[PDB]
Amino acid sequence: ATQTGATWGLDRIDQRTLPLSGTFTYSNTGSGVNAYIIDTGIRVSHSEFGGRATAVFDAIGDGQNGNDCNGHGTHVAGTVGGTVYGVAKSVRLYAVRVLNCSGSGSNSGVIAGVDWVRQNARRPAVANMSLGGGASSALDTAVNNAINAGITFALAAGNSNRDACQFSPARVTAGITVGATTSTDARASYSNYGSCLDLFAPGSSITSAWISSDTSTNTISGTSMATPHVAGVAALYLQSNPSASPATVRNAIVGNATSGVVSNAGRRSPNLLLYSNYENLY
């Protein structure tokens, strides 16, 4: 299927080279795949989700019961799986709320959320963590444990224009750690960089769902916006390869990526940009 009038980040990932086509083509939809959005929640009623999003976990305890009162989680969910703004347009989406209305949360609550996904995820599964903070061996361990249980993790690199290896969970090697690019294929000014990245994806001026209403949208930037394009592609891959381990998924995403197109990628960064096209028997 080919989507016309596609937003730029989707437009970019289905092709190797610029210029943008205005189109996003996909052969799969992530039907049958489960995507756990570890974030500020999801406004599950949003039109973008068509009933495919549900709230499953909330460590904040403010009475939202997984609903998003920030926007970030909804926006991220929309990039993974929204009808118009998403990569994997039939994926199931699950709100694992570990951040509050200001996008803040205890480390303990984040670990609880990861561990909930380890124990309760429906396979095949992808988890998205567009969040981070200071180095935390406990959180690294929770993420490693969940990956060892068979769940692919997409991890934001962070937004300090620093080496990502200083941050958790970006420094978890087994997770797919994602830096941000702009529409000109430059590394975004704020993107973290370095050898803990796996690849880059579109992260600046990304349009997706928001929380002001069930038809709202917002256009924002971050490694938080890059990450869900990777999670989405992982869902596309997992629909065709439902028993694939996280190592196999990571190798398939990194091995398919477009090489050499990211400008100013930063010291020791892999010069690789997400690419969504996988071939199939006919």
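Residues carry their position along the shown sequence, with the first being 1.
- With 61-69 and 31-39 compared on mean CA B-factor from the PDB entry, the stretch scoring higher is 61-69.
- Checked against the record, the higher mean CA B factor of 160-168 and 88-96 lies with 160-168.
- Of the residues listed, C196, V76, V178, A146, the entry assigns the biggest Cα temperature factor to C196.
- Among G132, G113, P202, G103, the highest C-alpha B-factor recorded in the PDB entry belongs to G132.
- Split the chain's modelled residues into thirds by C-alpha temperature factor. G50 is in the highest one.
- In the deposited entry, the Cα temperature factor of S240 sits in the top third of values across the chain's modelled residues.
- In the deposited entry, the Cα temperature factor of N218 places it in the lowest third of its chain's modelled residues.
- Residue-level temperature factors show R122 in the highest third of its chain, judged at the C-alpha atom.
- When the modelled residues of the chain are ordered by C-alpha B-factor, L274 sits in the lowest third.
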